[PDB]
Amino acid sequence: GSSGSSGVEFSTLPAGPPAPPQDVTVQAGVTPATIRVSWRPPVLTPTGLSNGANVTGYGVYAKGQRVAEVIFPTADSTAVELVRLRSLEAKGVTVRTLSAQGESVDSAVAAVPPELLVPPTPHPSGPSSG
């Protein structure tokens, strides 16, 4: 009802968007092909709600494409595939608070380091003359 009329007894309070995380950073992923996006989860009501919504977890994004998603509302770090960033050539990722209502804005784009983006390699060598 676009400014029409109402009456039917109904109480529906506004929910979300859920408060987005902060202090986003990339430490290191269990594997050389992944990373660890660490962040600080905002206090959740004594009932299980961030900004009025039911936070079920978080979600990592690079260039608008969900690369990773942790089903943990109290998660302070999640693993993300680096390859997913290559195809898109994304030099940074973000964390969004996922809830039953939807998702939240993109946290501080944590520019992934080039050292982690690049794969490992053994010490090279050549013709030893002197």
# chains A, B, ... in the order shown; residues from 1 in each chain; ligands from 1
$ residues_around --residues "range 27-39 of chain A" --least-positions-apart "2" --cutoff "7 Å" --atoms "only C-alpha atoms" --output "VMD selection string"
chain A and resid 21 to 25 41 76 to 83 116 119
$ write_last_selection --atoms "N, CA, C and O atoms" --output "PDB file, in the first residue's frame"
ATOM      1  N   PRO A  21      31.517  -5.488   9.510  1.00  0.00           N
ATOM      2  CA  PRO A  21      32.756  -5.675  10.270  1.00  0.00           C
ATOM      3  C   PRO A  21      33.778  -4.579   9.994  1.00  0.00           C
ATOM      4  O   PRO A  21      33.563  -3.720   9.139  1.00  0.00           O
ATOM      5  N   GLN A  22      34.890  -4.614  10.722  1.00  0.00           N
ATOM      6  CA  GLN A  22      35.945  -3.622  10.554  1.00  0.00           C
ATOM      7  C   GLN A  22      37.313  -4.226  10.850  1.00  0.00           C
ATOM      8  O   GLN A  22      37.418  -5.394  11.228  1.00  0.00           O
ATOM      9  N   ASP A  23      38.359  -3.426  10.674  1.00  0.00           N
ATOM     10  CA  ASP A  23      39.721  -3.883  10.921  1.00  0.00           C
ATOM     11  C   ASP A  23      40.073  -5.061  10.018  1.00  0.00           C
ATOM     12  O   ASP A  23      40.834  -5.947  10.404  1.00  0.00           O
ATOM     13  N   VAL A  24      39.512  -5.064   8.813  1.00  0.00           N
ATOM     14  CA  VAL A  24      39.766  -6.133   7.854  1.00  0.00           C
ATOM     15  C   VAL A  24      41.238  -6.181   7.462  1.00  0.00           C
ATOM     16  O   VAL A  24      41.875  -5.145   7.267  1.00  0.00           O
ATOM     17  N   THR A  25      41.775  -7.392   7.348  1.00  0.00           N
ATOM     18  CA  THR A  25      43.173  -7.577   6.979  1.00  0.00           C
ATOM     19  C   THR A  25      43.419  -8.981   6.441  1.00  0.00           C
ATOM     20  O   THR A  25      42.632  -9.897   6.684  1.00  0.00           O
ATOM     21  N   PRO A  41      34.279  -8.533  14.411  1.00  0.00           N
ATOM     22  CA  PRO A  41      32.815  -8.618  14.417  1.00  0.00           C
ATOM     23  C   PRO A  41      32.186  -7.706  15.466  1.00  0.00           C
ATOM     24  O   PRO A  41      32.582  -7.697  16.631  1.00  0.00           O
ATOM     25  N   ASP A  76      36.045 -14.053  13.109  1.00  0.00           N
ATOM     26  CA  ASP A  76      36.983 -12.939  13.026  1.00  0.00           C
ATOM     27  C   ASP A  76      38.029 -13.189  11.943  1.00  0.00           C
ATOM     28  O   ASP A  76      38.982 -12.425  11.800  1.00  0.00           O
ATOM     29  N   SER A  77      37.843 -14.265  11.186  1.00  0.00           N
ATOM     30  CA  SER A  77      38.772 -14.619  10.118  1.00  0.00           C
ATOM     31  C   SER A  77      38.230 -15.779   9.288  1.00  0.00           C
ATOM     32  O   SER A  77      37.703 -16.752   9.828  1.00  0.00           O
ATOM     33  N   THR A  78      38.364 -15.667   7.970  1.00  0.00           N
ATOM     34  CA  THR A  78      37.888 -16.705   7.064  1.00  0.00           C
ATOM     35  C   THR A  78      38.864 -16.920   5.913  1.00  0.00           C
ATOM     36  O   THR A  78      39.625 -16.022   5.556  1.00  0.00           O
ATOM     37  N   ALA A  79      38.836 -18.117   5.336  1.00  0.00           N
ATOM     38  CA  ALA A  79      39.716 -18.448   4.223  1.00  0.00           C
ATOM     39  C   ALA A  79      39.078 -18.081   2.888  1.00  0.00           C
ATOM     40  O   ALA A  79      37.866 -18.216   2.709  1.00  0.00           O
ATOM     41  N   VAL A  80      39.899 -17.616   1.952  1.00  0.00           N
ATOM     42  CA  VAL A  80      39.414 -17.230   0.633  1.00  0.00           C
ATOM     43  C   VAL A  80      40.393 -17.649  -0.458  1.00  0.00           C
ATOM     44  O   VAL A  80      41.606 -17.512  -0.302  1.00  0.00           O
ATOM     45  N   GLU A  81      39.857 -18.159  -1.563  1.00  0.00           N
ATOM     46  CA  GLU A  81      40.685 -18.599  -2.679  1.00  0.00           C
ATOM     47  C   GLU A  81      41.322 -17.407  -3.387  1.00  0.00           C
ATOM     48  O   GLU A  81      40.645 -16.433  -3.718  1.00  0.00           O
ATOM     49  N   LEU A  82      42.628 -17.490  -3.614  1.00  0.00           N
ATOM     50  CA  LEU A  82      43.358 -16.419  -4.282  1.00  0.00           C
ATOM     51  C   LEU A  82      43.123 -16.457  -5.789  1.00  0.00           C
ATOM     52  O   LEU A  82      43.127 -15.420  -6.454  1.00  0.00           O
ATOM     53  N   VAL A  83      42.915 -17.657  -6.321  1.00  0.00           N
ATOM     54  CA  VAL A  83      42.674 -17.829  -7.749  1.00  0.00           C
ATOM     55  C   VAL A  83      41.465 -17.020  -8.203  1.00  0.00           C
ATOM     56  O   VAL A  83      41.456 -16.462  -9.301  1.00  0.00           O
ATOM     57  N   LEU A 116      51.430 -12.846  -1.108  1.00  0.00           N
ATOM     58  CA  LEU A 116      50.500 -13.954  -0.917  1.00  0.00           C
ATOM     59  C   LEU A 116      49.823 -14.330  -2.231  1.00  0.00           C
ATOM     60  O   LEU A 116      49.523 -15.499  -2.476  1.00  0.00           O
ATOM     61  N   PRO A 119      52.421 -17.346  -6.183  1.00  0.00           N
ATOM     62  CA  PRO A 119      52.716 -18.704  -5.715  1.00  0.00           C
ATOM     63  C   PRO A 119      54.178 -18.875  -5.317  1.00  0.00           C
ATOM     64  O   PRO A 119      55.047 -18.096  -5.706  1.00  0.00           O
TER      65      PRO A 119
END
$ residues_around --residues "residue 61 in chain A" --least-positions-apart "5" --cutoff "8 Å" --atoms "only C-alpha atoms" --output "VMD selection string"
chain A and resid 66 to 68 93 to 96 106
$ select_by_dssp --residues "chain A" --states "helix (DSSP H, G or I)" --output "list in words"
residues 83, 84, 85, 86, 87, 88, 114, 115, 116 and 117 of chain A
$ closest_residue --among "A:120, A:17, A:52, A:130" --to "residue 102 in chain A" --atoms "only C-alpha atoms"
A:17
$ select_by_dssp --residues "chain A" --states "strand (DSSP E)" --output "ChimeraX atom specification"
/A:22-26,34-40,55-61,66-70,77-81,94-99
$ write_last_selection --atoms "C-alpha atoms" --output "JSON list (two decimals), in the first residue's frame"
[["chain", "number", "residue", "atom", "x", "y", "z"],
["A", 22, "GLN", "CA", 35.94, -3.62, 10.55],
["A", 23, "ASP", "CA", 39.72, -3.88, 10.92],
["A", 24, "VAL", "CA", 39.77, -6.13, 7.85],
["A", 25, "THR", "CA", 43.17, -7.58, 6.98],
["A", 26, "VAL", "CA", 44.87, -10.44, 5.14],
["A", 34, "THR", "CA", 44.35, -18.89, -0.26],
["A", 35, "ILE", "CA", 44.35, -16.12, 2.34],
["A", 36, "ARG", "CA", 42.93, -15.32, 5.77],
["A", 37, "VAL", "CA", 40.68, -12.25, 5.90],
["A", 38, "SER", "CA", 40.73, -11.27, 9.58],
["A", 39, "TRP", "CA", 38.23, -8.72, 10.90],
["A", 40, "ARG", "CA", 36.46, -7.52, 14.05],
["A", 55, "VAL", "CA", 23.49, -12.64, 11.38],
["A", 56, "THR", "CA", 24.27, -16.20, 10.30],
["A", 57, "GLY", "CA", 27.74, -15.46, 8.95],
["A", 58, "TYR", "CA", 29.90, -13.25, 6.75],
["A", 59, "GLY", "CA", 30.83, -13.06, 3.07],
["A", 60, "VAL", "CA", 34.03, -12.15, 1.24],
["A", 61, "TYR", "CA", 33.93, -10.29, -2.07],
["A", 66, "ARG", "CA", 31.30, -13.75, -3.77],
["A", 67, "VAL", "CA", 34.59, -15.61, -3.37],
["A", 68, "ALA", "CA", 34.12, -16.92, 0.17],
["A", 69, "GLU", "CA", 31.44, -17.08, 2.87],
["A", 70, "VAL", "CA", 31.69, -18.08, 6.53],
["A", 77, "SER", "CA", 38.77, -14.62, 10.12],
["A", 78, "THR", "CA", 37.89, -16.70, 7.06],
["A", 79, "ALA", "CA", 39.72, -18.45, 4.22],
["A", 80, "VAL", "CA", 39.41, -17.23, 0.63],
["A", 81, "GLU", "CA", 40.68, -18.60, -2.68],
["A", 94, "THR", "CA", 35.73, -6.93, 1.50],
["A", 95, "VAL", "CA", 33.63, -8.52, 4.24],
["A", 96, "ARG", "CA", 29.84, -8.28, 4.45],
["A", 97, "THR", "CA", 27.71, -9.35, 7.42],
["A", 98, "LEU", "CA", 25.34, -12.05, 6.17],
["A", 99, "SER", "CA", 21.97, -12.48, 7.90]]
$ atom_distance --atom1 "CA of residue 104 in chain A" --atom2 "CA of residue 90 in chain A"
20.1 Å
$ atom_distance --atom1 "CA of residue 18 in chain A" --atom2 "CA of residue 51 in chain A"
4.5 Å
$ closest_residue --among "A:1, A:62, A:107, A:89" --to "residue 42 in chain A" --atoms "only C-alpha atoms"
A:107
$ closest_residue --among "A:43, A:64, A:54, A:113" --to "residue 16 in chain A" --atoms "only C-alpha atoms"
A:54
